[PDB]
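All remarks here apply to the structure that follows.
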Amino acid sequence: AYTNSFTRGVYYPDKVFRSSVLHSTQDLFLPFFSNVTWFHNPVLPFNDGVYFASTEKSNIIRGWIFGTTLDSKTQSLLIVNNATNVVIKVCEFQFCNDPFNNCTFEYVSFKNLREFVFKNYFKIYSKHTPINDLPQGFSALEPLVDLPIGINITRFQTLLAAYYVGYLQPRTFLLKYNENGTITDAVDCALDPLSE
Amino acid sequence: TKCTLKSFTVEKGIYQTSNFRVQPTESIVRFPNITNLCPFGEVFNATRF
Amino acid sequence: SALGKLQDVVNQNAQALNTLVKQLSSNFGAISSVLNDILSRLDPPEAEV
Amino acid sequence: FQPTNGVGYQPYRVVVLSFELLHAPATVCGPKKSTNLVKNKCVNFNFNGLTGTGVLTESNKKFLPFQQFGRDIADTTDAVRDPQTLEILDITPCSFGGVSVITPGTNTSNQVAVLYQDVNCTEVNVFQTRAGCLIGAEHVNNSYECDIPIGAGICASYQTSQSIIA
Ligand SMILES: *[C@@H]1O[C@H](CO)[C@@H](O)[C@H](O)[C@H]1NC(C)=O
Ligand SMILES: *[C@@H]1O[C@H](CO)[C@@H](O)[C@H](O)[C@H]1NC(C)=O
Ligand SMILES: *[C@@H]1O[C@H](CO)[C@@H](O)[C@H](O)[C@H]1NC(C)=O
Ligand SMILES: *[C@@H]1O[C@H](CO)[C@@H](O)[C@H](O)[C@H]1NC(C)=O
Ligand SMILES: *[C@@H]1O[C@H](CO)[C@@H](O)[C@H](O)[C@H]1NC(C)=O
Ligand SMILES: *[C@@H]1O[C@H](CO)[C@@H](O)[C@H](O)[C@H]1NC(C)=O
């Protein structure tokens, strides 16, 4: 199953504030009108990034799992929401093939679109938009977390509605900061002659 | 003026000589309120060694 | 669109100034584009080069 | 361990700290001194990451909750969020500019008048023109042909005991 990532996947690449200026930055973005893998369970690669999304109703999607060997041999990050708080751990677990040691780190605190971006240390961007089949349109992503865990990742999985998995690429864009400093529109600088 | 013109007489006019520049009076340093300290009270003031 | 000639003079000078300024952010084969940064990080003999 | 021994056999508690450095971004760092905040003076600031010299003034720009800097159309730092109390300050580079020396010919008199270019004339009998800070020339209400050009329509001349008028 597949679908077409129309216009989504744009995140404030840094922390500066710009007003009404058209900036031009080169980084890892999700190419426009790309191919998203429609899902509704297994592991997936981690080439250089992810555009994890979701169109959820009753929070079926709970959390993630990362790591190289995905079990006890290396460390493997684990983000989980067990209806209390987002209990992040980095303990080198022994995992189960159907879920739903030294810990160098820890923490404990269709109408939902929870867009997410992950990349490498570890950074996360998110956006939680009301919705009502991937809706076209535009929405930037605010950077909500950075984690200095130095883990080595090459694959990931999902805990347990539908979700979608992009894959970032090193492509130059053109961002339109509005007067409030809010990205309102972008132009993929290599999509087609008009865009070039 | 006499020195920049390399002359001992300067005919009437308006010449540019030097470069006015305020100097930075004092340095300043700012960092977020330091918190999240290490628990050395648990290593040194421990009940049993 | 009749006043393109004057608009052209203004635009040309603006672009020249903007390129001149943006040349400040280039390394030209050195370590860092900031001067004090090299003065602090690299030793004076290396900072000279 | 008997309490009546000497200090030679008396118990001692020992704690050994091993500072390991592997190629990781060094999470365990110490405290950083944060001086008081001064405004409206050409100061040499160093906010948490970035440095530079300026004149900090209370602004009215509205950053986003997570943004820290502000930049200009030419990619220059212009506004910094105070990382202790979240108030956004501007950054104005403290004034510089050329210095001109208006003069009648030395064949006439040894009197001159200085013109500091583009200053508020309070950062140095003292006239403030649309060109800069004129120092040493009377301000007449008259209007004569331009003898020595200055700028923005101002012209100075040596006239009547005599002096320099603008
Ligand atoms: C990839 O995208 C193309 C058009 O962009 C589409 O025709 C195709 O079905 C998508 N999936 C695969 C596996 O090619
Ligand atoms: C979620 O997990 C954490 C860690 O195991 C635990 O402290 C917390 O009680 C859990 N919450 C619930 C609702 O079970
Ligand atoms: C992570 O693993 C890859 C191979 O899977 C290796 O090339 C890379 O050097 C490793 N990096 C770290 C920091 O362990
Ligand atoms: C910018 O922010 C202000 C602050 O309330 C808001 O009223 C306005 O709608 C926003 N957008 C524009 C284009 O001004
Ligand atoms: C200019 O200098 C000469 C001397 O070389 C003198 O004779 C003459 O009177 C002077 N003229 C004025 C207007 O000062
Ligand atoms: C010069 O500075 C004073 C005091 O800071 C101020 O009141 C005055 O308006 C300034 N002049 C101009 C032309 O801005």
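Labels used: A, B, ... for chains in the order of the structure tokens, numbers from 1 for residues in each chain, and numbers from 1 for ligands as shown.
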Subject >> Spatial neighbours of residue 35 in chain C, max dist 12 Å, only C-alpha atoms, sep filter under 2 positions, as a count of residues only >> reply: 20
**OP:** Output the neighbourhood of ligand 3 as a ChimeraX atom specification, that is, all protein and nucleic acid residues with some atom at most 12 Å from the ligand, counting only C-alpha atoms and all ligand atoms.
**Re:** /A:45-47,67-70,74-75,120-121,149-155 /D:22-25
Subject >> Neighbours of chain C in chain D at 12 Å, counting only C-alpha atoms, as a list in words >> reply: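 Close to chain C, chain D has residues 50, 51, 52, 72, 73, 74, 75 and 76 of chain D.
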Original post:
Near residue 121 in chain D, counting only C-alpha atoms, which residues have an atom at most 9 Å away, once you skip same-chain residues fewer than 3 positions from it, shown as a list in words?
Top reply: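 Close residues of residue 121 in chain D: residues 116, 118, 124, 126, 127, 128, 132, 133, 134 and 135 of chain D.
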**OP:** Please determine the contact residues of chain A with respect to chain D at a cut-off of 8 Å, counting only C-alpha atoms, and supply them as a ChimeraX atom specification.
**Re:** /A:15-18,21,143,148,150,180-181
Please extract the residues at most 10 Å from ligand 6, counting only C-alpha atoms and all ligand atoms, and provide them as a PDB file with N, CA, C and O atoms, in the first residue's frame, using the chain letters and residue numbers of this document.
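That gives us pocket.pdb:
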```pdb
ATOM      1  N   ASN D  40      21.680  50.200  27.496  1.00  0.00           N
ATOM      2  CA  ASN D  40      21.871  51.547  26.956  1.00  0.00           C
ATOM      3  C   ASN D  40      23.319  52.017  27.069  1.00  0.00           C
ATOM      4  O   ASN D  40      23.582  53.198  27.292  1.00  0.00           O
ATOM      5  N   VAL D 119      26.250  61.195  14.217  1.00  0.00           N
ATOM      6  CA  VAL D 119      26.149  60.902  15.641  1.00  0.00           C
ATOM      7  C   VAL D 119      25.083  61.798  16.251  1.00  0.00           C
ATOM      8  O   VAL D 119      24.760  62.863  15.722  1.00  0.00           O
ATOM      9  N   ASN D 120      24.524  61.350  17.374  1.00  0.00           N
ATOM     10  CA  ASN D 120      23.494  62.149  18.027  1.00  0.00           C
ATOM     11  C   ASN D 120      24.068  63.374  18.735  1.00  0.00           C
ATOM     12  O   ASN D 120      23.317  64.110  19.384  1.00  0.00           O
ATOM     13  N   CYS D 121      25.372  63.622  18.619  1.00  0.00           N
ATOM     14  CA  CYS D 121      26.010  64.833  19.130  1.00  0.00           C
ATOM     15  C   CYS D 121      25.871  64.965  20.643  1.00  0.00           C
ATOM     16  O   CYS D 121      26.087  66.043  21.201  1.00  0.00           O
ATOM     17  N   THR D 122      25.513  63.877  21.318  1.00  0.00           N
ATOM     18  CA  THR D 122      25.572  63.783  22.769  1.00  0.00           C
ATOM     19  C   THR D 122      26.518  62.687  23.235  1.00  0.00           C
ATOM     20  O   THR D 122      26.546  62.370  24.429  1.00  0.00           O
ATOM     21  N   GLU D 123      27.294  62.104  22.327  1.00  0.00           N
ATOM     22  CA  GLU D 123      28.200  61.016  22.656  1.00  0.00           C
ATOM     23  C   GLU D 123      29.662  61.431  22.666  1.00  0.00           C
ATOM     24  O   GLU D 123      30.531  60.573  22.849  1.00  0.00           O
ATOM     25  N   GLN D 128      23.535  70.880  16.054  1.00  0.00           N
ATOM     26  CA  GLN D 128      23.139  69.553  15.597  1.00  0.00           C
ATOM     27  C   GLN D 128      22.410  69.706  14.271  1.00  0.00           C
ATOM     28  O   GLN D 128      21.307  70.259  14.223  1.00  0.00           O
ATOM     29  N   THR D 129      23.028  69.222  13.202  1.00  0.00           N
ATOM     30  CA  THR D 129      22.498  69.359  11.855  1.00  0.00           C
ATOM     31  C   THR D 129      21.900  68.043  11.380  1.00  0.00           C
ATOM     32  O   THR D 129      22.047  66.996  12.013  1.00  0.00           O
ATOM     33  N   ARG D 130      21.228  68.104  10.233  1.00  0.00           N
ATOM     34  CA  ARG D 130      20.769  66.887   9.580  1.00  0.00           C
ATOM     35  C   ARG D 130      21.902  66.084   8.967  1.00  0.00           C
ATOM     36  O   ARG D 130      21.652  64.987   8.458  1.00  0.00           O
ATOM     37  N   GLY D 132      25.175  65.797  10.785  1.00  0.00           N
ATOM     38  CA  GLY D 132      25.916  65.226  11.889  1.00  0.00           C
ATOM     39  C   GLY D 132      25.947  66.143  13.091  1.00  0.00           C
ATOM     40  O   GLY D 132      24.956  66.810  13.401  1.00  0.00           O
TER      41      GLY D 132
END
```
